[PDB]
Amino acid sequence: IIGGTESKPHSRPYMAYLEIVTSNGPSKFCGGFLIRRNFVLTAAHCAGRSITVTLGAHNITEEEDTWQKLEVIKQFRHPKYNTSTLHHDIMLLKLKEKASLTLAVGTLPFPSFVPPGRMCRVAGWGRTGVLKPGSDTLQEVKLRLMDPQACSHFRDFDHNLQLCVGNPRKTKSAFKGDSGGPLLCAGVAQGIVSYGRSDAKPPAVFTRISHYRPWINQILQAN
C-alpha cells in the first residue's frame, strides 16, 4: 500500500497474509480475505505449488496469540484465468481446517455497480513504494473509484470484469504484495487487487467480484 496509513490493529479481521511457495524461487507474498471459515478469496496470479495463510495478523514480523497459521489443502483458480490478458484473476483457497472465530479473525461474505467517484478502502502488507519492501504492519488507503476510461491504457482492462481504482493525480495505490486484498466500499467488498504499473502510478486494476459471485458459490457448494 502506497500513501496509506497503519490500520488499527485487528480492525480488519477477515484479512489474510499469504506466502506463495514455488519450487524454483523464494517465497512471494499476497493478500486475500476470509469469506467462509475454511475459504480465502484472493487473485489467481498468486497460485503456487503451496500456499500458507496467516490470519489474525497486524505486525507480521511479531508472533502473537491472535495468529492462526493455516494450511491450504486445495487451490481453485478460475478456470478461465488468462495469463496474458489477466482476465478472471480470481482464486479460492480451501483451508484444511476451519479458522477459529476470535475478535481478531472473522469472515467477510459479500452479497448479490458502485458508481465512480465513490471512495473505497483497500488494505495490505505490500510494498510502500517501488523501491521499498512490504510493510511489516497492515496498511490501508482510501482510493477513488474511477470511470473505466481512466484504465484504458491497460489494453486488456474491461469495465464489466474489473474496477479501475485510484485517482491518477495521487500516489495513493494498492501495489505489489497487496494482490488479492479486498476493496471495500461502505464496508462491502467490491473488488480484489489484481495488477497495475511497475512504476506504481495509479489507477490499478481490481477484479470486479460481483461478476464472479455465481462461480464462487458453485465452488463453495461442491467443496
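A residue's number is simply how far along the shown sequence it sits, counting from 1.
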* Between neighbours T85 and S84, residues that the deposited sequence lists but the model omits -> none
* Could you check the entry and say whether 49-57 or 183-191 has the higher mean CA B-factor? => 183-191
* Structure fact -> Comparing mean C-alpha B factor in the record for 9-17 and 210-218, the higher one is 210-218
* Maximum C-alpha temperature factor, selected from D65, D158, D178, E62 -> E62
* To do: Tell me, please, which of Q162, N167, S198, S27 has the highest C-alpha B factor according to the deposited entry?
  => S198
* Is the Cα B-factor recorded for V105 in the lowest, middle or highest third of its chain? -> middle
* To do: Consider only the C-alpha atoms of the modelled residues in this chain, order them by B-factor as the entry records it, and name the third containing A99: lowest, middle or highest.
  => middle
* In terms of the CA temperature factor given in the entry, to which third of its chain does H153 belong: lowest, middle or highest? -> lowest
* Asked: Lowest, middle or highest third of the chain for the C-alpha temperature factor of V130?
  -> highest
* Structure fact -> So, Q75's CA B-factor, relative to its chain, sits in which third? The middle
